[PDB]
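Residue numbers (full-length UniProt numbering), protein chains in the order written: chain A, 1 to 141; chain B, 1 to 38; chain C, 2 to 175; chain D, 60 to 116; chain E, 2 to 209. Worksheet: the structure to be examined is printed underneath.
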Amino acid sequence: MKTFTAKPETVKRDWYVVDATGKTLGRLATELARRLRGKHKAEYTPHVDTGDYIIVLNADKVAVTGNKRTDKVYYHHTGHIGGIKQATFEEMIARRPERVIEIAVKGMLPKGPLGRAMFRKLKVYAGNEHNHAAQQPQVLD
Amino acid sequence: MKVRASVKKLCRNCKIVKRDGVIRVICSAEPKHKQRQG
Amino acid sequence: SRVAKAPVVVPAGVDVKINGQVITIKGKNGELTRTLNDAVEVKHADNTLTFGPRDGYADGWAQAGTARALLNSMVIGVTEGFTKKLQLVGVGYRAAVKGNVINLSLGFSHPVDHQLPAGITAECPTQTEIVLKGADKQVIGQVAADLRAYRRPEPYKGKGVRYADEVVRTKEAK
Amino acid sequence: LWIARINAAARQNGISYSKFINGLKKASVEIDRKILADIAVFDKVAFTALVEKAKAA
Amino acid sequence: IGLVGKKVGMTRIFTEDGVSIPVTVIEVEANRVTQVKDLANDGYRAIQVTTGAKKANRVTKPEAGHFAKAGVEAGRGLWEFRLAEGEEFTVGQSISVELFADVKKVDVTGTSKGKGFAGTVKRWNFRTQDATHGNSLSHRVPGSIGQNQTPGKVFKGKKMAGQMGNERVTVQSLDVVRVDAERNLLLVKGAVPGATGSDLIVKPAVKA
RNA sequence: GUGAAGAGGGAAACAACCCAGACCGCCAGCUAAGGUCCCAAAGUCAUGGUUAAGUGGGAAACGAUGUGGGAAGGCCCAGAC
RNA sequence: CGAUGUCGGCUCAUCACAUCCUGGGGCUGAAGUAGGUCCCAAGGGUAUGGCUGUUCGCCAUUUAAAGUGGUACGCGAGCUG
RNA sequence: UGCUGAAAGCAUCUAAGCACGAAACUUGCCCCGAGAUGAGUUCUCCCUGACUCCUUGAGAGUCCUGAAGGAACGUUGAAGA
Ligand SMILES: [Mg+2]
Ligand SMILES: [Mg+2]
Ligand SMILES: [Mg+2]
Ligand SMILES: [Mg+2]
Ligand SMILES: [Mg+2]
Ligand SMILES: [Mg+2]
Ligand SMILES: [Mg+2]
Ligand SMILES: [Mg+2]
Ligand SMILES: [Mg+2]
Ligand SMILES: [Mg+2]
Ligand SMILES: [Mg+2]
Ligand SMILES: [Mg+2]
Ligand SMILES: [Mg+2]
Ligand SMILES: [Mg+2]
Ligand SMILES: [Mg+2]
Ligand SMILES: [Mg+2]
Ligand SMILES: [Mg+2]
Ligand SMILES: [Mg+2]
Ligand SMILES: [Mg+2]
Ligand SMILES: [Mg+2]
Ligand SMILES: [Mg+2]
Ligand SMILES: [Mg+2]
Ligand SMILES: [Mg+2]
Ligand SMILES: [Mg+2]
Ligand SMILES: [Mg+2]
Ligand SMILES: [Mg+2]
Ligand SMILES: [Mg+2]
Ligand SMILES: [Mg+2]
Ligand SMILES: [Mg+2]
Ligand SMILES: [Mg+2]
Ligand SMILES: [Mg+2]
Ligand SMILES: [Mg+2]
Ligand SMILES: [Mg+2]
Ligand SMILES: [Mg+2]
Ligand SMILES: [Mg+2]
Ligand SMILES: [Mg+2]
Ligand SMILES: [Mg+2]
Ligand SMILES: [Mg+2]
Ligand SMILES: [Mg+2]
Ligand SMILES: [Mg+2]
Ligand SMILES: [Mg+2]
Ligand SMILES: [Mg+2]
Ligand SMILES: [Mg+2]
Ligand SMILES: [Mg+2]
Ligand SMILES: [Mg+2]
Ligand SMILES: [Mg+2]
Ligand SMILES: [Mg+2]
Ligand SMILES: [Mg+2]
Ligand SMILES: [Mg+2]
Ligand SMILES: [Mg+2]
Ligand SMILES: [Mg+2]
Ligand SMILES: [Mg+2]
Ligand SMILES: [Mg+2]
Ligand SMILES: [Mg+2]
Ligand SMILES: [Mg+2]
Ligand SMILES: [Mg+2]
Ligand SMILES: [Mg+2]
Ligand SMILES: [Mg+2]
Ligand SMILES: [Mg+2]
Ligand SMILES: [Mg+2]
Ligand SMILES: [Mg+2]
Ligand SMILES: [Mg+2]
Ligand SMILES: [Mg+2]
Ligand SMILES: [Mg+2]
Ligand SMILES: [Mg+2]
Ligand SMILES: [Mg+2]
Ligand SMILES: [Mg+2]
Ligand SMILES: [Mg+2]
Ligand SMILES: [Mg+2]
Ligand SMILES: [Mg+2]
Ligand SMILES: [Mg+2]
Ligand SMILES: [Mg+2]
Ligand SMILES: [Mg+2]
Ligand SMILES: [Mg+2]
Ligand SMILES: [Mg+2]
Ligand SMILES: [Mg+2]
Ligand SMILES: [Mg+2]
Ligand SMILES: [Mg+2]
Ligand SMILES: [Mg+2]
Ligand SMILES: [Mg+2]
Ligand SMILES: [Mg+2]
Ligand SMILES: [Mg+2]
Ligand SMILES: [Mg+2]
Ligand SMILES: [Mg+2]
Ligand SMILES: [Mg+2]
Ligand SMILES: [Mg+2]
Ligand SMILES: [Mg+2]
Ligand SMILES: [Mg+2]
Ligand SMILES: [Mg+2]
């Protein structure tokens, strides 16, 4: 008899903080992507962005098992004649520590307008300070 | 050194060592016997 | 296993301190610090030191036997102080110290002024011989290895910087 | 869609979907996904009682 | 740091021994500081300067005010220079050509003379195909631009015809000959970009 | 046997491989192969081990005090390796 | 097969590394000079002529070098024939 | 290539740990570069009147004002199809 669907205007979105110090990259990234999508919520609708705003702070301190600190490579093409760039997990944190969580989450989000809309929700930070004190973002684990 | 796929103890003073995943054969007497891989 | 099961003696005037895993050994020659591995567990038992493998960790004995052999050298270092005898073989090869900078002349177009990191006391009894002293085997051995690496033994005349105890294989011309 | 909703609403009360449904089957509860999903959204105070009912088994 | 100056053609200086050195005459008027940027507000340390003298009806109010905050007269155009930690300047200060009295070599940046739509022969030094021997409507044309099925596409940065010049280009480590304080000149050896009248950013050579 | 002349689920995509034969409808439930951290429905399930190579996630002769199990065989208190 | 223009040259290239030069190393029957072989390394560089449709090849003279290959044996809605 | 150093009384460049080490890699040099929709930053400038309608909207108007600035037009250029 027409089952419930979450109406964007009625969606009450919440703010959270996650300290990523000593967390496993992927196991963090998953639990982030689960929240950003809004799966945890009982009013989950696949075509609407029901998920919560998350602030990941201390992104540079994120942990990785085995030899992935040196061995894990992040390839990308420049769209140029032969321009394949690569960067290891160390090299990536040395330059752009935000990109590490970003890339890990973006792979686990869906691919499309809504998938990009539910990435905007995520707020990564290298340092411990965040300037979103105005939202009263509660602590998450 | 040699980089053959079947390194082995040629003389008596030759010694097998595993450095950084690769099996090497280091020798005191003849540096000729110095050989890596395999 | 066998090295680890053999306590290190600690002579008098050698202040040992265990800050969790971070060990500090102070003595007459110099103060030495060692951030030890997590898998090793170390304690004071009577006069001597004891090194035990931790339960749960895979490689305990290998890690502990290292700690043993390190602290054994660390205690001997602060008590006695280690030395290395380097000699310069070949004509026109000169070694002269000025402060904490060893001036090597080894047949180059520029004299090589090697720096000495940490507490390393460099001396020269003769002009073609370098005797250097200190606390750490690590830093000494390294410095010695650098001073060697500027001009290793040529296996023909034996020319270059050599360790005193080191034998060198020379060969004939063909 | 329903299964996701039920799996979401169950984990708020501390049980996964897989264990919840076995819990309901073992208590001979005949209520379907369509309604469990309807209850999950609308009446959570009611829904909680099904998760307790499942917890018994 | 650097100074802005109009290009004023070319000459030569004859040295008394014999050598004639071809020099570019860069007039470098009083470069006056309109603004000083710092780490608190801007996140980097720099100075904005001006030079020349723009007529008052041609300068707009948003810039007329911008000059009135400093107190300087409205110069034609604004340029910014990054400070090298040690040095520090004040708003309303006039930097003169006497900064280059100490230096030997300078990087000169300018806008190259616009050649318009240039073909591949002129733009990229492509070789002209045979001028006769059967050649049909394809003397100065670029020839092939790719392979076949495999890419099935032209690659990015493929050298083709297009806009040549009117681009900002930098000539490095040019030897400063004379630094005339009285007429406000700066004679550099060689040739620098842009035509007579074009604006040049002259600054000390980074490649020492 | 299947396709040809067979849709549906799985094997990323994949006529012939694995599961299974669509009369029509339903916003019902149980299962097959195959699956259950996220893309994406369901175990960050339970217990006991192995693996450190990102093996898993292409390959041989041959090479090696890698590392686990075992079943044996050479020596002690006259104290061997 | 209701047409996917086939060698060679020119123009324009681009990638691989099984490296010709240049860079870093081990062994050497490595005195030095110069090599020999092997290892890592693909940033950049890598002839002009004579003969022949030639690719190749031989020859003359250079060069630090005159690399081997893929790209519809790259490139004819770009030229040649 | 080493240093210290186990596992393996020793030995061994490594299993803890620690140094060197190439035109490669990341910067350094030059250029583009906030459509970088994650659309950034600094400085300056300008506009500070009312009535009507409403299904009370970030709503449609009536009137008085038209700024900063821009475009258009002209004379044009070492800028340019
Ligand atoms: Mg190595
Ligand atoms: Mg490997
Ligand atoms: Mg022009
Ligand atoms: Mg022309
Ligand atoms: Mg030219
Ligand atoms: Mg030509
Ligand atoms: Mg021609
Ligand atoms: Mg013709
Ligand atoms: Mg034609
Ligand atoms: Mg014709
Ligand atoms: Mg013609
Ligand atoms: Mg044509
Ligand atoms: Mg035509
Ligand atoms: Mg110069
Ligand atoms: Mg048929
Ligand atoms: Mg089928
Ligand atoms: Mg199928
Ligand atoms: Mg397959
Ligand atoms: Mg799949
Ligand atoms: Mg699939
Ligand atoms: Mg499928
Ligand atoms: Mg097939
Ligand atoms: Mg089966
Ligand atoms: Mg049937
Ligand atoms: Mg049927
Ligand atoms: Mg039926
Ligand atoms: Mg079922
Ligand atoms: Mg059942
Ligand atoms: Mg499975
Ligand atoms: Mg999909
Ligand atoms: Mg799927
Ligand atoms: Mg799921
Ligand atoms: Mg588990
Ligand atoms: Mg693999
Ligand atoms: Mg074997
Ligand atoms: Mg037995
Ligand atoms: Mg046909
Ligand atoms: Mg056709
Ligand atoms: Mg043809
Ligand atoms: Mg042929
Ligand atoms: Mg030709
Ligand atoms: Mg070309
Ligand atoms: Mg190679
Ligand atoms: Mg070979
Ligand atoms: Mg090679
Ligand atoms: Mg070679
Ligand atoms: Mg050279
Ligand atoms: Mg050199
Ligand atoms: Mg060498
Ligand atoms: Mg390789
Ligand atoms: Mg090349
Ligand atoms: Mg490359
Ligand atoms: Mg290249
Ligand atoms: Mg480089
Ligand atoms: Mg070039
Ligand atoms: Mg002739
Ligand atoms: Mg010819
Ligand atoms: Mg010849
Ligand atoms: Mg030559
Ligand atoms: Mg070739
Ligand atoms: Mg091929
Ligand atoms: Mg072929
Ligand atoms: Mg080919
Ligand atoms: Mg062809
Ligand atoms: Mg070709
Ligand atoms: Mg074509
Ligand atoms: Mg062709
Ligand atoms: Mg034609
Ligand atoms: Mg013909
Ligand atoms: Mg003809
Ligand atoms: Mg030892
Ligand atoms: Mg030794
Ligand atoms: Mg280094
Ligand atoms: Mg060079
Ligand atoms: Mg710009
Ligand atoms: Mg914004
Ligand atoms: Mg702004
Ligand atoms: Mg501002
Ligand atoms: Mg008002
Ligand atoms: Mg209005
Ligand atoms: Mg009016
Ligand atoms: Mg108007
Ligand atoms: Mg008006
Ligand atoms: Mg106006
Ligand atoms: Mg304008
Ligand atoms: Mg117009
Ligand atoms: Mg006009
Ligand atoms: Mg005109
Ligand atoms: Mg005109």
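By construction, the Cβ of each residue, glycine as well, lies at the ideal position given by its N, Cα and C atoms.
Beta carbon proximity, residue i to chain D, threshold 8 Å
| i | result |
| --- | --- |
| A42 (chain A) | yes |
| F4 (chain A) | yes |
| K12 (chain A) | no |
| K39 (chain A) | yes |
Other residues of its chain near residue i: CB distance less than 6 Å, five sequence neighbours each side excluded
| i | result |
| --- | --- |
| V10 (chain C) | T49 |
| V139 (chain A) | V17 |
| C14 (chain B) | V25, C27, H33 |
Chain A contact for residue i (CB, 8 Å cutoff)
| i | result |
| --- | --- |
| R92 (chain D) | no |
| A67 (chain D) | yes |
| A63 (chain D) | yes |
Contacting residues, own chain, Cβ-Cβ under 7 Å from residue i (five flanking each side not counted)
| i | result |
| --- | --- |
| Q173 (chain E) | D108, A206, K208 |
| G10 (chain E) | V26, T197 |
| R169 (chain E) | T110, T112 |
| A29 (chain B) | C11, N13 |
Close-in-space but distant-in-sequence residues of the same chain around residue i (CB under 8 Å, 5 per side omitted)
| i | result |
| --- | --- |
| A132 (chain E) | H140 |
| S21 (chain E) | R13, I14, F15 |
| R3 (chain C) | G66 |
| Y151 (chain C) | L105, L107, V113, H115, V162 |
| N185 (chain E) | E28, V29, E30, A31, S97, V98 |
| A86 (chain D) | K112, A113, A115, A116 |
Those residues which DSSP pairs with residue i across a bridge
| i | result |
| --- | --- |
| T52 (chain E) | Partner(s): none; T52 (chain E) has no beta bridge. |
| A63 (chain A) | A:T24 |
| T112 (chain E) | E:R169 |
| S21 (chain E) | E:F15 |
| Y16 (chain A) | A:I54, A:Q138 |
Residue-chain proximity (residue i, chain E), Cβ-Cβ < 8 Å
| i | result |
| --- | --- |
| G79 (chain A) | yes |
* Asked: If contact means a Cβ-Cβ distance below 9 Å, which residues of the segment 94-113 of chain D contact chain A?
  -> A96, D97, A99, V100, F101, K103, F106
* **Under 9 Å (Cβ pairs) to chain A, residues found in the segment 156-181 of chain E** => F156, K157, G158, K159
* Asked: Taking only runs of the beta strand (DSSP E) that begin and end inside the segment 87-112 of chain C, which ones reach a length of at least 3 residues, in chain order?
  -> 94-99, 102-107
* Asked: Any residues in the segment 14-27 of chain A with a beta carbon nearer than 8 Å to a beta carbon of chain E? Which ones, in chain order?
  -> none
* **Length-filtered (4 minimum) alpha helix (DSSP H) runs lying within the segment 46-81 of chain C** => 62-80
* Unbroken beta strand (DSSP E) runs of length 3 or more, entirely within the segment 39-117 of chain A: which are they? -> 53-57
* **Completely contained beta strand (DSSP E) runs for the segment 73-119 of chain E, where each covers 3 or more residues** => 79-83, 106-112, 117-119
* With a floor of 4 residues, list each alpha helix (DSSP H) that falls wholly inside the segment 102-164 of chain C, ordered by position along the chain. => 138-150
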